[PDB]
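Listed next as structure tokens is one chain, alone, in the form deposited in one PDB entry.
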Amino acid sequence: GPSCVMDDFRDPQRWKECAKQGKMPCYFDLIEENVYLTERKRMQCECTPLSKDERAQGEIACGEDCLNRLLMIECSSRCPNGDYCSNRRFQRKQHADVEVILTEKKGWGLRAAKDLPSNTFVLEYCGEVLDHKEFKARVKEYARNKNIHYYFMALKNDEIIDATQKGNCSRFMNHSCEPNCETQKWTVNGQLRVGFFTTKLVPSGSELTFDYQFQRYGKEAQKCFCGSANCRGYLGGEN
């Protein structure tokens, strides 16, 4: 099919022109962090600073043993490893090399541009953060408009991320009943964010997918075309 790279979305003019020719997805507002529709001392880890030779050797500053990494909290600028800290991936946009592609029936999708090792950070899922009332309001709005794609993601109690109008290329990852990625909820400056992380080695060219768990709403449920042997048949939660 037709494909495009993440830089292609930085030009709002070349994009809208590309969209008309079915060589890029529909236009949306690109944002680099969540936008809270309604608005609702710090502790650094105890990792030992890495030596000049240790970093050169290929040692990880704030690796698997980091106090913050083990609670899925990112370190701040005030980390003892400073610049070298590998636990600031959201804040530094340390995203994987991914392309936006057209699938057969699922609309647009994400694929690995290179081989992606297991538990690699893909993309932060950014959008407008809604409460339970605002979310339910917009499902009815989107249903009335007769939208085909829905871009809701559960963040926490009374916080749902909506990437329908505003977000980034994370909003193109499709559901699979047998996924190669998962969601991980991460704390940055006392605030919870959600990103996609590989659960296995994704070969270059392979579509990136996660298991979208979300409580179903309404009578009609979207059919699943993920093509897996164990396909649940529909997107979301049991009922």
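One-based numbering along the sequence shown. Between two forms, the rigid core is defined as the largest C-alpha subset superposing within 1.5 Å.
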{"property": "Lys200 unmodelled in at least a third of other compared entries", "result": "no"}
{"property": "Coordinates absent for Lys41 in a third or more of other entries", "result": "yes"}
{"property": "Length class of the unmodelled deposited segment, which would lie between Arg40 and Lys41", "result": "4 to 9"}
{"property": "Of 46-54 and 59-67, the stretch whose C-alpha atoms average the higher B-factor in the entry", "result": "46-54"}
{"property": "For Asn157, the third of its chain into which the C-alpha B factor falls", "result": "highest"}
{"property": "Chain third (lowest, middle, highest) by recorded CA B-factor, residue given as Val122", "result": "lowest"}
{"property": "CA B-factor ranking of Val129, expressed as a third of its chain", "result": "lowest"}
{"property": "Chain-relative CA temperature factor third for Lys146", "result": "middle"}
{"property": "Where the record places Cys85 (Cα B-factor, split into thirds across the chain)", "result": "middle"}
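The following text describes the form deposited in another entry, which does not appear among the structures shown.
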| property | result |
| --- | --- |
| Displaced residue between this form and the one not shown, judged on C-alpha after the rigid core is fitted, out of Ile73, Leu155, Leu123, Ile101 (threshold 2 Å or more) | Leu155 |
| Core-aligned C-alpha movement of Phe135 between this form and the one not shown, 2 Å or more | yes |
| Is_shifted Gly22 between this form and the one not shown (CA, 2 Å cut-off, rigid core) | no |
| Closer or farther in the other form: C-alpha pair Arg111, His149 (3 angstroms or more) | farther |
| Sense of the change in Cα distance from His175 to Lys133 in the other form - at least 3 Å versus the shown form | farther |
